[PDB]
Amino acid sequence: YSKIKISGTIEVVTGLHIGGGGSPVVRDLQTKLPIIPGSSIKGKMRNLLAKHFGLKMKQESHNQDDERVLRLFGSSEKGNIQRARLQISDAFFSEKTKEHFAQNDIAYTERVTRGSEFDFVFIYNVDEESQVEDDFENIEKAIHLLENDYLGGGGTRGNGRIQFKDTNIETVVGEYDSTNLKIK
Amino acid sequence: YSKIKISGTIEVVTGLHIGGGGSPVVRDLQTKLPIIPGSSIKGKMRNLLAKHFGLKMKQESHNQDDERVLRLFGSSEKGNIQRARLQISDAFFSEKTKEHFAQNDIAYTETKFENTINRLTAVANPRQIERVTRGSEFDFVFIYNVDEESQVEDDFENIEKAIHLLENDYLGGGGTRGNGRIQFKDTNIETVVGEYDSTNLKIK
Amino acid sequence: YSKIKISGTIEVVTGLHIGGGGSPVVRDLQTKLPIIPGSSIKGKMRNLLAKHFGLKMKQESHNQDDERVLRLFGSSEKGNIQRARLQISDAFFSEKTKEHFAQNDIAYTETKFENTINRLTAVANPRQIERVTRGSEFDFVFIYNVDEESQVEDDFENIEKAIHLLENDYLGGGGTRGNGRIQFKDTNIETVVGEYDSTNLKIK
Amino acid sequence: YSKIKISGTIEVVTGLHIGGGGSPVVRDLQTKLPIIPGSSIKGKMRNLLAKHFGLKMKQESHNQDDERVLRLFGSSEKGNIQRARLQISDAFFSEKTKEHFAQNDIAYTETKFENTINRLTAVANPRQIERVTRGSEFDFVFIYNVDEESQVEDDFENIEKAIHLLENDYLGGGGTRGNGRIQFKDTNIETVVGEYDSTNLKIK
Amino acid sequence: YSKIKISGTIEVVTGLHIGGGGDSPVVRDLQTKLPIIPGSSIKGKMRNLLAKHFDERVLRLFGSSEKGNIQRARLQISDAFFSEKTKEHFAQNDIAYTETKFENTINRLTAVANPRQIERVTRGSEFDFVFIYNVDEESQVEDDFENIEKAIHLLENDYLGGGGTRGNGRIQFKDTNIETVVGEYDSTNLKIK
Amino acid sequence: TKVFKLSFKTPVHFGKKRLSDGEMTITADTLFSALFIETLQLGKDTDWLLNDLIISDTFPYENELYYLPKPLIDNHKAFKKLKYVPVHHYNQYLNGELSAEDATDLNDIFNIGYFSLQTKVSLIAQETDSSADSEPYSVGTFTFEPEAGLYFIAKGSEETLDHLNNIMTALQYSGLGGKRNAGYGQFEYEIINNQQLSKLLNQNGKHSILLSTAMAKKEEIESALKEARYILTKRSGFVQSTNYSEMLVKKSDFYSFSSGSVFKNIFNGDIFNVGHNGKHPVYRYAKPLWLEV
Amino acid sequence: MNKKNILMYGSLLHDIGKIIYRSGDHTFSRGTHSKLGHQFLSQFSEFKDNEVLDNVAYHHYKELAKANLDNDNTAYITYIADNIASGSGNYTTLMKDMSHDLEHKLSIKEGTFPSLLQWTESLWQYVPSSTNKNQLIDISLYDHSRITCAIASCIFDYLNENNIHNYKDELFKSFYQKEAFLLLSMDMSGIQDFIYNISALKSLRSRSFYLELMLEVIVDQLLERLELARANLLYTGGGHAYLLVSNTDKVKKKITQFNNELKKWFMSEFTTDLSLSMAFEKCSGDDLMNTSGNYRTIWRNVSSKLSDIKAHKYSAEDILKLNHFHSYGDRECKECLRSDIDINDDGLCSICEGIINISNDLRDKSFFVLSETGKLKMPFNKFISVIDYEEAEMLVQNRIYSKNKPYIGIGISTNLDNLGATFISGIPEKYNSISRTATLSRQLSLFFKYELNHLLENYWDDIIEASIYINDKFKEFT
RNA sequence: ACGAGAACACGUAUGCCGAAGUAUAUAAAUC
């Protein structure tokens, strides 16, 4: 049982408006600064990945998806247990962005102002040694699709497309070699 | 015969939903503030540190575990009596956290609205969930009995590994979607009953 | 001949679940409030103070134990005549707690919901546990018989050892998951019957 | 020749188990209510007040006691007959209390469940004990004979000592484990036969 | 020459134990198996109490007749029997007539205990009784009845049977009737309580 | 020639030699004693009933049945175990019409009570003083079934029997036995005239059966025993209030015939003096009450 | 040597050649039993009485048919009494022992006859009386010999008292029918009343012993007064004594005199609580024999006259003397409750104190001696005293009563439900003789007095167990 | 003037001494 980690930053270009309030933006009431629910990224990557592969109308009625989504993302409501292997945590700002904005005296809400950076930290559990490569190439595909789609509510008018940068794939628990992987 | 004390603070970084009153959050009835039940910590730690070692399917069917787990935790179910050697108590808000949230006029709970979008119909179903404000601190205590002068070092190495795995995980519910990430801090060891030498032990 | 009185208050730190009727608790039925029976206190103190001294496997077989243990708690069972020298009484739900709890509208009982996760199946089973509330108090009285004028100091030293050990342990049921931790306050020593001195005696 | 009467009320503090059946409690079989046998009271007072004064090994062997104790309870076996002076009758459940209990619907008897944990194996075995409820009352009557005029004051002083000692002790069994504590109240002294005034007399 | 009859009932307040057979076995009849109080018991207990109170009174009323002077008994005490009211009430409520009590004894210096059983007539029962007085001297009936009243008082505040220092035997007297049954002497004014 | 019926309700003590003895019935001398004492107690005249009254022994009765003593008139093994014969069969008895099986059935049916040794103590001894041994003693008692009891026969004129009525009415509140002042032996009575009793009492024959205990006077004894079948029983005992010491006063021994005696030649009796060194006479009753068959 | 002794001696042992023939001793087991016995006894010097040899040699038919004896010689009367009575190495060992005893221990002079009787009893009480194939022999040889003696002595008393000298012609059926002899019975009343006059549980054997001893003393006295021996006593015990005597005027007068003396003495010692009754019915030689079932009739008649004598046991003079005044007021016997006798300091009268002392001595000592003065009262101003064994032989050197001890040769010593059918009928046909009641009484006495003690040697529940055991044993008995 | 009469089946001792209603089990899994 080894815990591999993924981390990275996300760049904001189109004034974002997620819609965590349900017109304000969801805020952690400790800093009064925007956040991103992890259900947001989880579900949106889930829907894109499900659409990419075959999606059956009967399975649409029963909320059933492909085996890849049921393994990586995991649902565990059909009577067959599927505990998720990709803990997504909520994303905060980067102190770099905060320092830059404070130096230039720019507000955060207009919508999520442009030029932000977000620190997303995923934890991946290795429940099986073999399927690691398949799972990570699938995650790479999902990341690409997300990079070429939209996140947020009501973004079909020009808002909610963002970029991925600056990853680091470090093993935090275990004795497994994790040098040959890649998530751009 | 002696008894060592382990104490410190649990610091939560992300959402913490425990919901033991369950969608509200479990709460003391005398102060009206949240807690982490010790049952949750003991169970989560047991599952992690037990999955790491051998976890056989035949053992899973009969609910048998590895000898290290039972000596550190105790089962006394298979006809072999094994009393627990580690005692875990609950957690409560620390005084500094109370003062900070009182001075800053910041509440102890966040109401998150979550939307479910369903296949083939696209009907948005809303839900409200309560979470504990990130950045709060809890005080925890473990009690360790000595029943053999030798195995103390091995036991403390194992508890180190358990703390490590918990710190790379989530506590409570709603974990695979963004809630539960915590860490430990300010750990202290102080021998409180007996005449044992435990000053070289180290819990990080 | 002399009898000496000890008295004090028990303070409940985490939940207490004696469950003498068992998932309910043990209650009076003239007032319908929780109590702490004396049997449990006696048994737990005896087990601690016996384990602290020697415990042999042959001595484990038949409840044969150290000499001081039998002098202070009584055997008179192996053809040697020894009746108990410490009389332990029940603990009754105190009045000040009644007043405070009534005028703040705080009940005398928590109802905690507990969950079990199965191995290799991930099905939850729910349970309900009825715990006495935190912050409570109880009142206790002990009576000491002076059967020998040259053992009072030694017996009181052993008693304070037992009290200290119990202040670092749990009373009740299911204490390895956060239940039963207690404290002792306001201890007073009086000689009720005789002409014996109790100004140098103390128990912490 | 005069006879002096003493009447009053026994009040149960903690649960009481005379339990003379062998685990039932002794009952009258015309009313089906508990009673306190008088031989219990006489035996306990004999033991307590005897141990108060000097009790010797040779005086341990032959069941003989101090002259005062024999005078008040009788010896009449030593080849020097001693007729008793204090006749102890039984005590019965009071009508006030049965009225109260029927009105508030309070059952007369508790069934406490108890457990024992053996050593080496920690397998528990349970048991059931019946016991009278607290707040109950009983009505008691004593008769004392003036066989000699000049011994009355001393005899009543000794009976007062016995009352004090018994009120700091237990009746019935399981006294060290909690059961069986009593008080006396609402007493009364009267010269029921003869011409001996009893106005200065008192038993607290 | 007149004969006077004093009739009434005696009630058992705490358990009674006469136990002639023993000591558990209580005296009964050997056919109907119903407890009774022999008249020798009452006569002896009353004699002892009244003598302790004080002679020629005990000698004229209970009679000695061998001390060098011969005095004939002037009061006749009969046996006592279970009453019909009590039998009916107990039969309806389904109560036994007799109890069994378990007791224990403790060794000094050894703290070992050993048991006992004592059989004992039930609480609340009732018995019927009659006494006869033979008026041999007219100028003495008031004195004799004062003395008999004192004896009944003392026995009321005392015990009958065995083991009364430990709580058995207490009795009461109810429902007295005093009728002159032979002769023409006026006994509508006497009282015995 | 009336008969008297008596029911007791309490055990009785009659006895033969000691207090340990229990006996069913008593004799005409004991009842003559009782009646004489009660008359002297009531303050009446003993002259009328000293020499005008004839009394018989006591006899048992059951529900609707009566018994009489065995007269001294092949199996010779069953009759010897019999003491009383029922009235209906009395004549049949004297004519040899009673068979062995009938007699055995009679022996079976004849249970009219039982016996009991009541144990007691005495503490009037130095037990009052100090350590002194107790003295257990024993009394013997007989108890009747609810419908058995005693009956008597008395005869003479109407005046004497009216006196006897009064005497029994007074007596039914004292006792007829031993430990009377201890609670034994009281009774209630009724006056009866049965037809068959009168029929037996008024027979006509040549022999005679004695229903009492009597002794012949001197001048007739030589002619009394011409052809007789009898039993002599010594009768002794203690007196009630003759002189100072009770022990120094004890009746002189007397011998008398029993209650099944058969005499060919009748005798009148006498009330015999059995006193010596006393203040006043002590009488024994001896006057026969016959049935002539 | 008086001729009575000659008949008696030739009578007891007249049937011993049968044993010497059963023993198989080749020296004296070739001829008829009479001459075998004569040859055996012709050795010992003491037994050399010539007329005794004549008596023993010819106790049968042919022997007298070819012996042409004189007119006065007891072989004829032996024949008659024998007839009326009649109605394997261990034997060799027994005859060795017999030779030793006869040549060493016994004496032959007058008064040795009781000793000879006990000797024959102690030796022969089990020898089979006869082995006849056509008869059931429930008798021992002791009974045949003894009853032959009793019949012989009675026949002689009858024949001699009537002044006949030609014994041969008179006795050699016609005589068998004459009313020759007489059955006599003693019954003593009041045993049950006197045995339960004690105030504890083992004390009621001493007065049982007293009653038994008085009966034996009075019967032995009676036999002495009539110049016969203890041969003529059939049964004793309970309260009974069944005896056989002769039918002559002289014995009748003496029986009447003895009766008067006994009645006087019993009244003197005891007022009426203990009596003695004697009744006698005449019988022929045919009655005791089984001819027409008359033995039942005889027994019933004796019982009848006994009942009658019980019904009228006093006379007018006695009853008037009884009702004569006497001194009283003195204390009575603390155990016996009778105030006509002077009392001692301890509080017991003479007889009851004697009984308690004699029981205390009997628990240790075991010989009783009948003397003129001593301890316990007996009839005719005689007393019984207690003595020990060696004391007994010294007293013998210068009558003795024991307890089931068959000591022989020590002077003269006397070793001490459906009952009616057994006592009156016995064997109704082919065996209805006096001998059968003799043997039945002996066997019953052995069961009652000796076997009961053996059974009780190992001894509420016990009473029931003993009752069941006794019932089962009696069922096995018949 | 009754095999009678005086006569408590009483007295010292109880319900005992030792014993934990305990030992295992995350109010958890999906947008």
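Checking UniProt for chain G, the heading Cofactor (unreviewed entry) contains the comment "a divalent metal cation".

In the annotation of the PDB entry, chain B is listed under the name CRISPR system Cms endoribonuclease Csm3 and assigned to Staphylococcus epidermidis RP62A. If you open the UniProt record of chain B and go to Sequence similarities (unreviewed entry), you find "Belongs to the CRISPR-associated Csm3 family."

### Some remarks on the overall build of chain B
When you go through chain B residue by residue, the secondary structure sums to 5 helices and 6 strands. Ordered by position from N to C terminus, the α and β elements of chain B give β-α-α-α-β-α-β-β-β-α-β. Here chain B holds 204 residues, and the buried ones make up 48% of them. Between the mean site of the 28 positive side-chain charges and the mean site of the 30 negative ones, chain B shows a separation of 8 Å.

### What to know about the UniProt feature "binding site: Ca(2+) 2" (unreviewed entry) in chain B
Residues and elements named next belong to chain B. UniProt feature "binding site: Ca(2+) 2" (unreviewed entry): in the numbering of this structure it lies at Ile 189. Relative to the helices and strands, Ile 189 resides in strand β6 (residues 182-193). The residues contacting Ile 189, other than those within four sequence positions of it, are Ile 4, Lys 5, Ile 6, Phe 156, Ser 198 and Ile 203.

### Description of a negative patch on the surface
A contiguous patch of negative charge on the surface is contributed by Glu 133, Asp 134, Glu 137 and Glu 140 of chain A. Position of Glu 140 of chain A relative to the elements: it lies in helix α5 (residues 132-147).

### A short note on helix α5 (residues 152-167) of chain D
Because the α-helix completes a turn every 3.6 residues, residues three or four places apart line up on one side. Helix length check: α5 of chain D, at 16 residues, gives a terminal C-alpha distance of 23 Å against a target of 22 Å (1.5 Å per residue), a fit within 8%. Buried residues of α5 of chain D: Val 152, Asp 155, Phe 156, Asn 158, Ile 159, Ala 162, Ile 163, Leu 165 and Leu 166 of chain D, and no others.

### Describing the protein's contact with RNA strand H
In the vicinity of RNA strand H, 155 residues are found, and the nearest of them are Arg 46 and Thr 176 of chain B, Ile 18 of chain D, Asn 48 of chain E together with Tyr 137 of chain F. Atoms of RNA strand H within 4 Å of the protein belong to the sugar or the phosphate in 56% of instances, the rest to bases. Within the backbone of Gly 22 of chain D, a nitrogen or oxygen atom sits 3.4 Å from a base nitrogen of RNA strand H. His 13 of chain F places a side-chain nitrogen or oxygen 3.1 Å from a phosphate oxygen of RNA strand H. Residues of the surface near RNA strand H, tallied by class, amount to 37 nonpolar, 81 polar and 37 charged.

### Topic: the state of the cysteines
All names here are of chain G. Enumeration according to the criterion identifies 1 disulfide over all chains in this entry. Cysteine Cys 333 is unpaired, with the sulfur of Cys 336 as its nearest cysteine sulfur at 3.4 Å. Residue classification places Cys 333 among the buried residues on the basis of a relative accessible area of 1%.

### Topic: the interface of chain A and chain B
Facing the 33 residues of chain A at the interface are 29 residues of chain B. Across the chain A-chain B interface, the total number found is 4 salt bridges. Where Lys 3 of chain A meets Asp 169 of chain B, a salt bridge forms, and the shortest distance between an N and an O atom there is 3.5 Å. Counting across the interface, chain A meets chain B through 7 residue pairs in polar contact. When residues of the side of chain A that touches chain B are traced back to their parent elements, those giving at least two are β2 (27-28), α1 (38-52), α2 (57-62), β4 (86-88) and β8 (171-173) of chain A. No other element matches the 5 residues that α1 of chain A contributes to the side of chain A that touches chain B. Partitioned by chemical class, the residues of the side of chain A that touches chain B number 12 nonpolar, 13 polar and 8 charged.

### Some thoughts on the sheet that holds strand β7 (residues 181-193) of chain D
All names here are of chain D. Pairing in this open sheet of 5 strands is antiparallel, and the strands run β2-β3-β6-β1-β7 from one edge to the other. The sheet terminates laterally at β2 (35-36) and β7, the two strands that pair on one side only. Pairing analysis gives 2 bridges linking β2 to strand β3 (residues 86-93), with the strands arranged antiparallel. Residue pairing across strands places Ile 36 opposite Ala 91, the latter belonging to β3. Lying on the sheet, helix α1 (residues 38-52) is in contact with β2 and β3; it crosses β3 at an angle near 130°.

Rules used in this analysis
Residues numbered from 1 in each chain as written, not as in the entry; some residues may be left out. Chains lettered and ligands numbered in written order. Heavy atoms only, no water. UniProt positions renumbered as here; feature names shortened; annotations may be inferred. Helix = DSSP H or I, 4+ residues; strand = E, 2+ residues; numbered from the N terminus. Buried < 20%, exposed > 50% of the residue type's maximum accessible area, 1.4 Å probe, protein only. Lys, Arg positive; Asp, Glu negative; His and termini not counted. Charge placed at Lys NZ, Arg CZ, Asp CG, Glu CD. Contact = heavy atoms within 4.5 Å. Patch = residues over 30% accessible without salt bridge, like charges linked within 9 Å, V, L, I, M, F, W, Y side chains within 5 Å. Areas by Shrake-Rupley, 256 points an atom, 1.4 Å probe, with all protein chains shown as cover. Salt bridge = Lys/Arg side-chain N within 4 Å of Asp/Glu carboxyl O. Expected span 1.5 Å × (residues − 1). Near = heavy atom within 4 Å. Polar contact = N/O pair within 3.5 Å; in protein donor to acceptor, adjacent residues only side chain to side chain. Nonpolar A, V, L, I, M, F, W, Y, C, P; charged D, E, K, R; others polar. Disulfide = S-S within 2.5 Å. Pairing = 2+ DSSP bridges. Axes fitted to C-alpha atoms, helices over the stretch in contact; angles between N-to-C directions.

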